[PDB]
Structures are given as structure tokens and as C-alpha cells.
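Protein chains in written order, with our numbering: chain A, 21 to 125; chain B, -16 to 149; chain C, 1460 to 1537; chain D, 90 to 209; chain E, 3 to 142; chain F, 2 to 193; chain G, 10 to 106; chain H, 165 to 228; chain I, 3 to 57; chain J, 187 to 228.
Worksheet: the structure to be examined is printed underneath.
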RNA sequence: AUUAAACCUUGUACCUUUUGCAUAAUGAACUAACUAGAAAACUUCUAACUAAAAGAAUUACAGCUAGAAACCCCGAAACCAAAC
RNA sequence: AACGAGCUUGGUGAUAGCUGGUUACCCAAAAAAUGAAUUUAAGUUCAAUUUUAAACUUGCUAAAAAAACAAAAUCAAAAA
Ligand SMILES: [Mg+2]
Ligand SMILES: [Mg+2]
Ligand SMILES: [Mg+2]
Ligand SMILES: [Mg+2]
Ligand SMILES: [Mg+2]
Ligand SMILES: [Mg+2]
Ligand SMILES: [Mg+2]
Ligand SMILES: [Mg+2]
Ligand SMILES: [Mg+2]
Ligand SMILES: [Mg+2]
Ligand SMILES: [Mg+2]
Ligand SMILES: [Mg+2]
């Protein structure tokens, strides 16, 4: 799969650690359903863990959108321009909390 | 079936600005369901690739293959519509950008054999495609010179790095 | 077919280590008679642990909270 | 191919043997350090069992055993697959305070104070 | 046809995407692509462990090259550095040879000096003062 | 025709993926996309860099003259303040700051060398790379997208001009050291 | 494989039609009705399998008992042959003896 | 090491002599690595956590 | 048919039966059904016991 | 009882919330996967 | 792996089958669709009621009732009856 | 247009101890080809092995002396 895939070299976005460390994650979007069994765990994340995450990371803008939904989804955008999307369908608070922190780092 | 080649002639580009190179005209033409093998037609279609309209017609007029006459007719039909419908000023100012053969919809028949045995005959048909672009034929490719080859060798040497280390 | 120099040297090394094993096995701290019963207690309690686990097998408790908690799946924001 | 009984003479040392290995025929050591240094594959099943009984399933990991005849009897069975070294206690047996600070050296010494500092 | 499998397209795509860089019908035909992909996967897993041994072979070759410049065979260089209580590994040693030629030269002299001390110590039987660079720093 | 609605829905996604590859969409300003609040984004920009800004000044820094013309044109069919004044102060201060740092590090280097390096570090290529990856382009207000490089360069130094006023030269000097002086790492003298 | 290129027409299920709304009513007609009627009397289906269940061999024989003499010639021939096929399988073939 | 001199520990140098400082810049996970000991589905994907460190300073003091 | 705190009943049974066995009895509490299950035959002793409590 | 108090807090019981008693049903194994396919236990 | 598609390095196609081995041997030109484990006597698990259980007919010296849990596909030469 | 006995349909999904095939994942354990009967040796049933669950208590190695023939297979207290 190495020959079947691309490769790169170790790098940092803008010499992140030289002068000052800057957090790359800059936006989180979470779409939810008010009443949907799949989005139950994500709902609890908003109730309990979203505010604490928001305070710890003041450079990450967090958008929470309760709407008629079929799958809750997390969209993470970075300064270098990368966009990552995650299915949050039927995940516990523990899983969603763990996933959100990995995206920030 | 699919018949996209015909609709390629209906594209309308927006008016060009005064300070912009003049876009060459493009004409797409085809003949469908030719009683001829696409493989045999390939050699004729291949030969005229990149040649000018008059050069291609001269080469076709003295060829003994059946497809040669068929391709000539398509080229004449394409040449006329270019002047008549695609605002091509000069008949001779055309060259064959693309020319290829495609399979058609064939028929299945029986070819008899000696011992009450048979085989599946195919009555083959083909398509012929051409795109004509206004302007002189693009210049032919020039083989790479010795000095041209040598420079590439030196670039290959200069690209080298120390492998698997800091 | 001769035997390599690697092969003959390495065996002699193993023989020397085994030769020492012979010596260290010749000086028992306790005689056979002195040995009897010095570890009787530990062996006895050890098996009692084995028996306790073997005979403690039984079904597990069942709780109402488990069954009634399935209803939380339809929890919502009112 | 059957189990073999070694003649008793093998385990009777000689005066020079005491000199070479530096062990006194009196005041014999108490505890063995045993490590398996060969594989039980391709060995008879009885040798395989004694290795499991003695705890030497992993190679090059030392196990402590009593220098008593019953233990010795099993060790003689697998004498060729193991290395026996006499445990030494330069600073005495570990106490409750020193239980967490021990280290077993390659020389056979269980030191009870392990500082990871230059001797100075 | 009460129940018919409706996902066969995506099942086929999974195997095919791992075969698109092959040559021949192995890259587009599932029956042939599937077998070729598995052999690649078996090879990819096994090459992971042969990679680590091949780089160590490369490091040794490069070290022998660098040491022979100063007149030392590879076994002498490695052994006598250890006897001085230097625990630089082979990967790091290569980096020194390629990018730090002056520091590597010093190590060669150091390893040569320790080797020179060893000959005198063994050659002269009896009690002779230990070499300056043969002193071992004990730890406790 | 096989039963089911889900397989058709999955393949619709594939058709979308293919269409984008064949006919890539024209890039669009991040503002026009959903999940966007300008006021919150500006505050996050300042907090991202671990710096305190006066929000009013920072908002002015992003504004460009071209943007105002477009809005007036649409209005024809609040004058506000452009980044110009902030741009000049930021560019002037940055020129002094970069020159000062290099002279201390490289006292012997001739004045011609400093001018080249300073121009290199404040050039469109270097500033363009830094400005894009610090989210400056996302927050910029302009009449054209993608933002033209000279406009992107103008706003970046305008941000430094706002930072200079808000937190003073001492903090502004750190910002130049952190993001511009880093861009000459790994670069030999005669390349710049 | 090949897939639909367009979404099929949306399927609408009305959950409060009379059949769905009043489903299950009169299922305790026995315990709540003094046992005048058993609920199995409320089943609608083939004559030979109202209030009854069996394996395929049992179902074949029971259909023959109830309507065997009113069946068509071709159907009775097929039904009879199915009985003999199932008889020989269930009584002579299988893993377990 | 420097241009003109180097210091070697036996096997480690003293704390006072050398101080090296780093920063943790990124915490990520590796790309999916294939482990397949045959079938096409008898396959395990391995992702392992990773950290990237930037090295900021190497400092020495005259305590030789 | 145990109503109330089923866990309290276990504690009493364990104390009641422990002296006879000499060890704590193994039991399972099924809170949904409301029944207590004990390993071994103790029906006779456990019926007289309940009679005295008045159940 | 305390159990009925839990129902008061919990969401409504409905056809979408049903569940059987745990371990009430065994799972039946079809001869499809490699473990139970191939010679199929015979 | 690589700066680099190929050069360098490692690597005796697959399924069945032999035997737990083949450089045996069978089968496969390729694509799409179709194409092969089915039953409740006993055992186990989950509940209802309990010296009784089951909605008549049955079982019972803790049993009885209900639920859940199971046993393939293709292929002869033949044989017989009635037509042609 | 395949006669040691025509062809067609049905019986009929004839039967085949024989040949072939028998479709997702993961975790775990795991024999044999010893013995016995069989128109039975291309099969099957039982023992033996393996396995899953359950009950409760000794098992493996080693085992003196002493015995049964004898200078290690049975048997085999205490121990470890
Ligand atoms: Mg004929
Ligand atoms: Mg043909
Ligand atoms: Mg190695
Ligand atoms: Mg043969
Ligand atoms: Mg089944
Ligand atoms: Mg017959
Ligand atoms: Mg058959
Ligand atoms: Mg047979
Ligand atoms: Mg045998
Ligand atoms: Mg007999
Ligand atoms: Mg007979
Ligand atoms: Mg005993």
C-alpha cells in the first residue's frame, strides 16, 4: 500500500514551534437532531462538554446546529486549509469527547 | 447508444475580449454504422492524424482500401460545414486534430463448417470520428539532440540525494 | 564433510556452562529428611484457593436499572 | 530413546572445581538463579513439563528456586537447557523498606540499594 | 428475488482501488485483481520487518566505509568504542560520518587509542597500570 | 430494478464526487459558506496568536479600499475607514524592526544586503504564504476572490499596524520575529 | 455492478390509517370476554392453517386433508409429489440420526 | 558537538554541561498500516498514536 | 414473590445460613423477577425461618 | 416501589423502545462466513 | 523503497486435492446476473405459575407451560407404464 | 445420422457408501490414521480421544523402600 499511495516528509505548517506555538484547528461544526436516537450521545456532549472544550480552546470557533438531522456530523477546518468530516452517528459522549480532542491537537 | 460527438458542435463560448488571442475554430464530425472493421479503419484514421485538410485528401484519393473513400467523404462534409456553419474563412486553413475509429452495433450470424458444425459470424460495423481545428498543422516533433540528451543525464545526476539518512 | 570452526567452538561454550551447572547442583542446602514439611502450610492454602474458585461458579445478579435504562434511548430535548 | 539416570559421580565435585568456581563445599548457597537458554522444541515431552513446572517458560528471564534436593532433582532433568547461578546477597536480605529498591545484577548479586549514580 | 444484494458495487470498488496501479487485467478485473491485491498485502506486511534489517545492513556498510578512511576495520571501531562506555548506535554513527566528519575522526582516534591500550595491557603480563582511556566508570 | 432506496442514495454521492473532479467548482469566499460569524471569527484570530487586540482596529485592518467601491456600486444600483493608514504604519514599523534585528545579528553585512533581505521578508511571496496560513485571507474584505496578492500583502501589514497601536512596539516586534524572521530559516544568504 | 442513476420515487407510509390505527383490537376477547371466543378464531387465512402451525411436510398433509378432494388435477399431482419428496428427506436424509 | 570541539558522556553527560529543550507541536496518529499474515478480508489495519517535537535550544555551560 | 428491598433479604439469608455452612452462601438476586436464588438445598430451614418472621 | 419511580423520569414506553429479556434469544448461524462455510460442519 | 515510471533488494500464481509436500494433478478466457443446511426426541438459555402447570384429552416424587436454539446443491448407466 | 435392443412423455427432484461444488468479520479451543465388529475393509456403529456446560476434590511430575519376573515399563506412604 506504500507503493499504491502517496508519501510526504515530516513538516510543520509555519514553523509552528520556532517563535510561538499556534493551534492549527480553527473551526468545529456540529450538526444535531433535537429528537433522534442516533444523535443522543452528541446531544449530551453539547449539554456537558462543549462549553469546557470551547473555553480551553479560545482560537477554535465552535458552531452547534440543532436541526432535523439523520446523522450528526463534525466538520473540522484548519488554518492550512484542510477540512475533515466525521460521522458522529450513535456515538457515546466518551467517544465524541475523545474524537473532538484528537482533532484539536 | 451514445451520440455525444454531434453535440460537441453546439458549445457556445462567451464573446472574447479585444485583448485576447483569437480562439481557433473547432468542428466535430462523424459517420455512424459503416460496414467496415474498426481495426481496418484505424490504419486509415491513424495515417491522416495531424495532417492538413488538403494533404489528407491527396493521400486518401490514391488509397486502395474501401475505408479510404469513406473517410474522404466525411472530410469533405466536415470541410464544407466548417466554412458554412462555423465561420471558418478559408477552406484550406484546416488540419485534422483528431481522427479515430470506434466499434459499431454488429450482427450475429452463422458460418457453416464441414461436419454439421458452425461458428458465430459477426457482421462488423464501425464509427469514424474527426475534429478539425482552424489553422496550419502544428509543427512536427524534432528528435532530441545529443546535447539535449546529455543535459537530461546531468539533471538526473544533480537530483540525487543521500538516501536513508538525516 | 567436515565440521565448521563456528560449530565446534559454540558447543564447547555450551559444555562449559553445563559443566558449571554440574557443580552448583552438588551442594544442597538441606538434606532430604530436613526437607519434609518445611512448606506444608503454603501448599495447603494454595489448593484451598483453587477449590474456592472452582465451587464459586454461579449466575450473575440481574438489575432493574439495566432493563429500564433501555428507555433512555428515546431521550430527547423537549 | 528413554529418560536417563546420570551416575552420581557427575555431581561430586573435585578440589580444583571448588577453586575454579569459587564455591565453598561448606556453607552452601541457599537460592538458585535459573534461566532457560535453549528451546524445549525438539526435546522430549518430560523435559517440556519440568520446564513449565520450574517457571522457565520465557527464556533469559531469571527465576529463583530453593537449593533443596527435590528442586535439584527436577533441575538435573533439564540441566542442558538452563543456566544455574548462585544468588548472592552482598548487602543482606531485603527488608520492607528496601523491597522497592532492589536490583538483580548479572553477576548474581541482589543489591538492595539501586541509585543509578556514579560510584564516586 | 425477494432479497438481492444491493451493495455489490462498493464491495468491488474496495478491492479495485488497491489494484489500479498494477499492469494488465489485474488492475481492472475483480477475479484477477483480488488475488493480486492480497499478494501485495502479504508482501507489504512482510517487508515491514525486512526493512529494519536492511537499514542496519546499510548503516554497517556506511560505517565500514567511514572507518576505513581512518584505517580501522569495522569490528575494531565498534568494539573499542563500547569499551570506552560510548553508547552511540549504528544509525547515529552514520549521521556523524556523513554530516560531522571532524567529530567522526575523533571517534576513530578514540577507538584506535583504546585498541592500542588493549594490546599493551594484554601484551604486558602481570600488574601494569590500566590505560588512561581504559578506565571504566562504575555505577550504583 | 432492485428494491431499496439506500443504494441509489449512496451512488448519488459518487456522482457528485465525479462531477467535481471533471468540473471543479470556482473557489468561493469562506464568508458565503454556512457556519460563519464575522465578529466571533475576528476575536478567535486575535486569541489564536496569543495577543490582545482592540477589535475596532482589527476590523478596520481587514477592510480594503476595493471592497468599499464594490459596496458603493451595489448601493448605487457609513464611509468607514480603510486599512491604508494602518498599512503604512505597519509597513514602516516592520521595515525598521526587520532592519534592526538583522543589523544586531549581522553587523558586518552591508546596507545593500539588509535592504534585499528586508524586501525579501516583506515581499509578496513571503507575506502571501504567511498571511494565507494565519487565516488573514478568510477575514479579508475585498472586491475580488481569491484575494489578489498585493491586496493580501497590504492587509497583513495593516494587521501589524493595528497590533502595534493596541499592544505597542514591544509586542509588535515579537510578532515580526515570530512569523517573518522564521521565514529565512534554512535559507542561504545569496538565495535571498 | 450497476446502480440506479436516479432516486426512486419517495415512499409514503400513512401510519394512522384504519388498519394500522386499530391493529390488535379484540386480541384479549377471551380473557376480557369470558372465554366465549378464542383469539385463534379471529385469524384469517387458508382453511388448513388457521390456529395451527407445522413444518412443510406437516403443512402439505394438512392441506390435503382439508381441501384435497376439491383440488385441481395438476395441483393434487404436485401436492402429492411434494409429500413424497419431503417424506423421504425428513425420514432418510440429514446429519442427525 | 560544535564546529571545533565535542563532549562525550560515559555513557551520558552531566546535567549541568548540556541542556536541550523541545516543544510538543502535534499529536496525531499514523497512516493506516496493513498487517496480513489468506483471503482479502483476513486483514488488520494498524494506526498508532504519534507525537512531533520541535527542538528549540541546545545550551552548554563552562562546568568542565 | 419478594417485595421491597430484595437486597436486605439476601443479607438476612446469608447471616441465617452461614453458621450451618461455615461460609458465606453463594446467591443470585434477580431484581426484575423479584426472586432470590441460593446454591444448595435449604428449603426446609428457609421455610421455618420465614414462618417465624410471619411471612 | 423505587422501580416505578424510575419509570416516572424515563421517556415513554413505545413500540420503538422495546427490547427482549437479555439472553432470551440465541443467534442462529448461517453457513456463509469462512468459519461456518466451506465444508459446512459436515 | 526512492529525488526519480523502469535499473537495486525481497518474493516457487490460485482453489480443490493429495498427507500436514510439491516443480504433481484436477477446474478457471474475462465481465454482469443467477447459483447449494430445511425439521425440536433429548440437552442448554429466558421468562409465567408452582405441588401443581397447561384456553378439555397431557405431563408431574419441582415440576409444568411458552419463547429461543437444527440436520445442502448439481450429475449416471438403469428400470417400468402409456403413446409415437 | 450412437440399437446387446428404438424414441417420446410420465413414474421422477429415480438412486448414486462415487466425482465436483457448497457465498461476510473477529476471538477461542482442537484431535485421530489406537482398538473392535461389519458381503467390511472408497463406508458405517461403538470404544478411545476432543470439546462445551455443571457439581466438588484432589491431580501432574517425581515417588523410597518391597513387592510380581528382573539389576524398568506395572505398582507406588511421606515430601517437594
Ligand atoms: Mg449436412
Ligand atoms: Mg469468433
Ligand atoms: Mg537483525
Ligand atoms: Mg494421476
Ligand atoms: Mg438453520
Ligand atoms: Mg436396482
Ligand atoms: Mg444424488
Ligand atoms: Mg463404499
Ligand atoms: Mg498408536
Ligand atoms: Mg470375536
Ligand atoms: Mg455377513
Ligand atoms: Mg504423594
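Every residue, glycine too, gets a C-beta built ideally from N, C-alpha and C.
Does any CB atom of chain H fall closer than 8 Å to the CB of residue 69/E?
no
For the beta strand (DSSP E) containing residue 115/B, name the first residue and the last one.
109 to 117
If residue 163/F and residue 54/F are in contact, beta carbons under 8 Å, what's the gap, nearest whole angstrom?
6 Å
Touching or not, the stretch 140 to 156 of chain F and the stretch 106 to 113 of chain F, by the rule of three or more beta carbon pairs under 8 Å?
no
Short CB-CB distance (under 8 Å) between residue 170/H and chain A
no
Using DSSP bridges, identify the partner residues of residue 43/E.
In DSSP, residue 43/E forms no bridge with anything.
Please state whether the Cβ-Cβ distance between residue 158/D and residue 1487/C is less than 8 Å.
yes
Below 8 Å between beta carbons: does that hold for residue 122/D and residue 151/D?
yes
If residue 8/B and residue 117/B are in contact, beta carbons under 8 Å, what's the gap, nearest whole angstrom?
4 Å
Which stretch, first to last residue, makes up the alpha helix (DSSP H) that contains residue 121/D?
No alpha helix (DSSP H) holds residue 121/D; the beta strand (DSSP E) holding it covers 120 to 125.
Beta carbon of residue 99/E, beta carbon of residue 62/E: below 8 Å?
no
Helix, strand or coil for residue 14/B, going by three-state DSSP, please let me know.
strand
Please report the residue range of the alpha helix (DSSP H) in which residue 83/A lies.
No alpha helix (DSSP H) holds residue 83/A; the beta strand (DSSP E) holding it covers 81 to 86.
Note down, in chain order, each residue of its chain lying with its Cβ closer than 8 Å to the Cβ of residue 191/D, except the 5 sequence neighbours on either side.
183, 199, 200, 201, 203
What do you reckon, are the CB atoms on residue 28/I and residue 1506/C nearer than 8 Å?
no
Chain-ordered chain C contacts of residue 192/J [CB-CB under 8 Å]
1523, 1524, 1527
Is it the case that the CB of residue 102/B approaches a heavy atom of ligand 1 more closely than 7 Å?
no
Rounded to a whole number of angstroms, what is the C-alpha to C-alpha distance between residue 61/B and residue 26/E?
38 Å
For the alpha helix (DSSP H) holding residue 50/G, just list the boundary residues, first then last.
Taken as a continuous stretch (DSSP letters only), residue 50/G belongs to no alpha helix (DSSP H), as it is neither H nor E.
Pairs of beta-carbons, one from the stretch 47 to 61 of chain A and one from the stretch -8 to 2 of chain B, closer than 8 Å: are there three or more?
no
Taking 7 Å as the line, does the beta carbon of residue 214/J fall inside it for any heavy atom of ligand 5?
yes
Relative to chain A, which residues along the stretch 185 to 205 of chain H have a C-beta separation below 9 Å, given in chain order?
186, 187, 188, 189, 190, 191, 192, 193, 195, 196, 197, 198
Give a single yes or no on whether residue 51/E has its beta carbon closer than 7 Å to a heavy atom of ligand 3.
no
What residues of chain B sit near residue 2/E, judged by a beta carbon separation below 7 Å?
The structure shown does not extend to residue 2/E, since chain E spans only 3 to 142, so no value can be given for it.
For residue 139/D and residue 196/D, what's the separation of their Cα atoms in angstroms?
26 Å
Per DSSP, what kind of secondary structure is residue 151/D in: helix, strand or coil?
coil
Can you list the residues of chain C that residue 159/D reaches, using a CB-CB cut of under 7 Å?
1494
Buried/exposed call for residue 61/A, threshold 16 Cβ in 10 Å:
buried
With DSSP as the reference, label residue 92/F as helix, strand or coil.
helix
At 4 residues or longer, and completely inside the stretch 38 to 74 of chain A: list those alpha helix (DSSP H) runs for me, N to C.
60 to 64
Residues near residue 13/I in its chain [Cβ-Cβ closer than 8 Å; skip 5 each side]
none
Can you pull the chain H neighbours of residue 61/A, defined as C-beta to C-beta under 8 Å?
In chain order: nothing, as chain H lies at least about 22 Å away.
Any chance the CB of residue 92/E is under 7 Å from a heavy atom of ligand 3?
no
If we define contact as Cβ-Cβ less than 8 Å, is residue 1479/C a contact residue for chain D?
yes
Which residue's Cα is closest to the Cα of residue 167/F: 127/F, 62/F, 130/F, 81/F?
62/F
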